[PDB]
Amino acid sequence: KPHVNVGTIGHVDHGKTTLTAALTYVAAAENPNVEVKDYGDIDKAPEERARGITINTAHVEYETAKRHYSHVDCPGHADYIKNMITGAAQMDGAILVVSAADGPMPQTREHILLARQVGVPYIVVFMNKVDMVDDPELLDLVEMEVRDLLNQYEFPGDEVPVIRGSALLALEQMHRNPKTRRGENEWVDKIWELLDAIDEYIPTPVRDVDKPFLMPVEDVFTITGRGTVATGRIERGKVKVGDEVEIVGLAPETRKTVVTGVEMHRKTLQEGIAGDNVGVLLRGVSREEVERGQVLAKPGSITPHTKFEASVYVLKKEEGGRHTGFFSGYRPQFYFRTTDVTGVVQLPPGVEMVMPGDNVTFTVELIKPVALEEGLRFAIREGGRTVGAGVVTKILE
């Protein structure tokens, strides 16, 4: 059975974690290899249990007749957007959870836009909490609103599956009868509609290995005796022990080193490929030479830059942005892969300001170099709000 990565996204409290638990229980009735997980086993940290909130992304495994799934359950709270982005970057498809009782909310919109920015190719929708809605008209409206949102963000909104169900009632049924099978219960069958939907709508992924190697540095560790280890998810290409690599960005100059080891969890590998979360041991360099925000790459394949042009969508308040636009001189934070760097905006000649809801173009000068290339997507934040989502269109300096 091929392996596929999926996950749950959506506004705070709409039901992501409860749905994740339900998925493990429902799938386990048809497969003895699946380990069932209760709500408290997913939101397992003391703080998560205390306030009933997802803080850390959780990784759970389950399977269908067709595939083995690794599911990343993401937090919906704005305070943990970094963890949500980190989780979305691992997904081959995402399950957008939308409460039928509340309808789309700011992070319903923001999560779809950000999922697109990180490269999630497909979204399946689970309209949750329908057990709380007795009005069929409202359900139709919520579905229309969600399909409209998906269309607005360039996903095939009229094609995507929109499953109407109750994660809670399905989970309660599985607790009462862990062997409930297909066809026996309406709520459990809605979970099967979702499992069948991810099986048929999320394409079997093809790792992006036919490209020069690049891995954003997530974190850096010094293993006593072994050396400096840079962790990250390989974005493209492959890396083998003995390969020469460049550390690009942030520092005054690019630095070269050699890969002396590749590991994944407690496994020693001789090579890592696109899609792998790995620890890369680097020759000679210390933590003073490799840090979060830099990238490791095939030498000569990407260079550091500070000035670029970009196409940017300016977010509205209801999408996580602001009601007001901005002018030349604006100094927000720019996020490229694992980099966070301040930059200064310069609007094109004749453009006084750019407004929320518009797709505009402008120039940016960063305060430190970043590994940049045409086609690189990014986000702009200011004051804890996502003000723009963009893509680099031209390298100037």
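Start at 1 with the first residue shown and count on from there.
Novice: Between 143 to 151 and 305 to 313, point out the one with the higher average CA B-factor as the PDB entry records it.
Specialist: Mean C-alpha B-factor is greater for 143 to 151.
Novice: I need to verify one thing: averaged over C-alpha atoms only, is the B-factor higher for 114 to 122 or for 131 to 139?
Specialist: Comparing averages over the C-alpha atoms only gives 131 to 139.
Novice: Out of 82, 267, 190, 71, which one has a C-alpha B factor higher than all the others in the entry?
Specialist: 267 has the highest C-alpha B-factor of those listed.
Novice: Checking the entry, which one of 296, 91, 171, 101 has the top C-alpha B factor?
Specialist: Reading the PDB entry, the winner on C-alpha B-factor is 101.
Novice: Would you check the entry's CA temperature factor for residue 392 and let me know if it's in the chain's lowest, middle or highest third?
Specialist: Lowest third.
Novice: Report the third (lowest, middle or highest) to which the CA temperature factor of residue 337 belongs, ranking only the modelled residues of the same chain.
Specialist: Answer is lowest: the recorded C-alpha B-factor places it there.
Novice: Against its chain's modelled residues, does residue 284's Cα B factor rank lowest, middle or highest third?
Specialist: Middle third by C-alpha B-factor.
Novice: Against its chain's modelled residues, does residue 28's Cα B factor rank lowest, middle or highest third?
Specialist: Middle third by C-alpha B-factor.
Novice: Can you tell me which third, lowest, middle or highest, the CA B-factor of residue 224 falls into for its chain?
Specialist: Top third by C-alpha B-factor.
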